[PDB]
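Here we start with a single chain on its own, the form deposited in one PDB entry, put down as structure tokens.
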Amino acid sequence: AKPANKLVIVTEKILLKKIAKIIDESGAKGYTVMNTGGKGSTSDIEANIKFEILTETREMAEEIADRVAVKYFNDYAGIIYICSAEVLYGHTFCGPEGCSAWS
């Protein structure tokens, strides 16, 4: 198992490509994105998107978060949070030695 930070970004759908570009410029090895509905305090739910990015370091997750927020969160609704995770399998994330290599 390889330690990882799971960075979650929930924001307005129109920022999809802009945020993907930031994630791709970060060094991150991938991301997953999904459609969601969002309410923040006539249905009032709006369409949003949620990105999930697993990063090897906490610093990379914060860089992505910081860059997204500083660029867009003055003007667009969003939330960014982080969860601890462990990657058990992931050719790209762990490399070809796998996620439980020794040393």
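Here the rigid core means the biggest group of C-alpha atoms that line up within 1.5 Å when the two forms are laid on top of each other. Shifts are known only where both forms have a C-alpha. Start at 1 with the first residue shown and count on from there.
Unshown form deposited in another entry; subsequent notes refer to it.
Novice: Superposing on the rigid core, do we see a C-alpha displacement of 2 Å or more at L15 between this form and the one not shown?
Specialist: Stays below the 2 Å threshold, so no.
Novice: Please determine whether the C-alpha atom of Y81 is displaced by 2 Å or more between this form and the one not shown following superposition on the rigid core.
Specialist: No, the C-alpha position differs by under 2 Å between this form and the one not shown.
Novice: Core-aligned, C-alpha shift of at least 2 Å, runs of at least 3 residues: can you list them between this form and the one not shown?
Specialist: Once the cores are aligned, run 83 to 99 is the only one whose C-alphas move by at least 2 Å.
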